[PDB]
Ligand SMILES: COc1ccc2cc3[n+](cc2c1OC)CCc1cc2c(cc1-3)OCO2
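Just one chain is shown here, as structure tokens, and it is the form solved without the ligand.
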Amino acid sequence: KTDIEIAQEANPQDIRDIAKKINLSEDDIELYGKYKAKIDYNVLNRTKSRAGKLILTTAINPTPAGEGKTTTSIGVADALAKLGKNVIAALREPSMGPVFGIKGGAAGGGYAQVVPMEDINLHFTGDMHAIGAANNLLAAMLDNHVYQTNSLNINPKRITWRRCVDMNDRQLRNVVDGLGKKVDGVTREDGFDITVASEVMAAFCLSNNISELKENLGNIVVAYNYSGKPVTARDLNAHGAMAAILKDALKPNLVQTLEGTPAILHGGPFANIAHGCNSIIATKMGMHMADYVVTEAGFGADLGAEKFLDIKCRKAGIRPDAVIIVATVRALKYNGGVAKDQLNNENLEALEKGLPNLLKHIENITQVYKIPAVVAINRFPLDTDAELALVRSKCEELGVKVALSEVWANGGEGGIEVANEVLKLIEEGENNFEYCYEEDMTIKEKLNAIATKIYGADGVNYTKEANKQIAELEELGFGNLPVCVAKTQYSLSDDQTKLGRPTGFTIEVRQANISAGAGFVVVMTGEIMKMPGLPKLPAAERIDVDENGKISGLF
């Protein structure tokens, strides 16, 4: 059975019945049909919390296919519901753009999904459109100020703010606008990002309430003046209207899994130029309404988990009680020199040389951040017991239990082995959580702390332009913020070919930007694509609608 067939034959409950499972009245939610609803964030102010625990699901350095990190979160959440616990699965919302290029995807996979799958891949509750409308209003007010008076003395060559659209349109990567008559604006270079790559999205996810959201949108640096000083959205008096555009969008979206477990999908920025987690207000909503929250971070534990802990948790004042490290025997054998085609041969030798990658993420989670961790093995069909005994053998050496996950084929029943081990880590495991770095350090000291402790590098090298940018950010006062390293996800290093666990390498930083709205410094290692393109035969050509309004060709 395909993922689209499992979702259709599933019987989803009325979302008002899902809300009763977390003690939410019908005056506390706003329906979007029978199967979707938004939760008023003011419930956080008139009801007391349940002080729920936080479960973070990460994974080893990924292969182009994946390791089932999202299916593991949904399956473990369903498993904890099978154990009688009150649980919410906090996940990200996909973007609509890639649906029309490489076709859509299920919120999860197999029997560990989130439903309705069709609305999630499309407009959902309109959160993407709200993000893009606030992004494009600030850009329209920025160009309007330069056209009317430019009393802020903005240099058009130094405008870093970019418009956005929820489409895979390579045509809009590099743009000249403001052409035509003198009443048609100020001519300058510009461009479009995909909406999820916008800084509005990152500040949307790193806001604890509506008051902090408006303050963060005001801190957004949109350009620089001719004197070199930053110009903020607050200087343009735009953050008040931007917060109004995002007023309803900031309300988390309540949905359900295939087994009726309450699910919350909210936000979803990049995991390279941003932190790649769901919104703070959705995570803290789950911890307010449930006893256990299963969330995740994009890419491997060297990026998403590092940014979940050093950026999201630092701004939310929260802390994970357990970490689930997802790993597959295919990915470890892929790290052991095996190609994608030969991933099915029982190669115990290549599994051992790809294991240091899994063991490195185990050391980062358990010894650097000091959080109890458990290795969840996403059992792909052809795994052998000798393969599963070797990965269980060397994970015992550093004091981490290994549970076998079968949530893709069995749903919640397949995650009981992982669920129980997480519940025991919350009871047993001591928690001495420490950040990878402190705020007082400079930008270069924070990057060196991440590169040596987490990545395993000897140090960080900076180009001539990066040194100029880092120093200018220090002079402007942005040296007290966290740093967001944008590098490849397929490797611990910045070289996407160095698989396994690289040894004597150094990170080369070539560009640094400021995301003062989200509250971190973006540090780029290579070139990052913020607007993907459409393939030769886009999937949109196969999408159709019948006489009753049923969509075909989406999945």
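Residues that one form lacks are left out of the comparison. Between two forms, the rigid core is defined as the largest C-alpha subset superposing within 1.5 Å. Quick note: we count residues from 1 along the sequence shown, nothing fancier.
Form solved in complex with the ligand: not shown, discussed below.
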ask   = Can you check whether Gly126 is within 4.5 Å of the ligand in the deposited complex, heavy atom basis?
value = no
request  = State yes or no: in the deposited complex, is some non-hydrogen atom of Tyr147 no more than 4.5 angstroms from a non-hydrogen atom of the ligand?
outcome  = yes
task = Using a 4.5 Å heavy atom cut-off, state whether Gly260 contacts the ligand in the deposited complex.
result = no
query = Does at least one non-hydrogen atom of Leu343 fall within 4.5 angstroms of the ligand in the deposited complex?
reply = no
ask   = Counting only non-hydrogen atoms, which stretch in 477 to 485, 455 to 463, 148 to 156, 414 to 422 is within 4.5 Å of the ligand in the deposited complex?
value = 148 to 156
note = Checked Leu404, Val186, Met441, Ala449 for heavy atoms within 4.5 Å of the ligand in the deposited complex; positive is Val186
query = Mind listing which residues of 201 to 238 have a heavy atom within 4.5 Å of the ligand in the deposited complex?
reply = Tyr226
ask   = Once the two forms are fit on the core, has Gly66 moved its CA by at least 2 Å between this form and the one not shown?
value = yes
query = Which way does the C-alpha gap of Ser393 and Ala65 go in the deposited complex, closer or farther, given it changes by 3 angstroms or more?
reply = closer
key: Sense of the change in Cα distance from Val99 to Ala65 in the deposited complex - at least 3 Å versus the shown form   = farther
note = Once the two forms are fitted on their core, the residues forming runs of at least three in a row with C-alpha displacements of 2 Å or more between this form and the one not shown are 64 to 66, 429 to 431
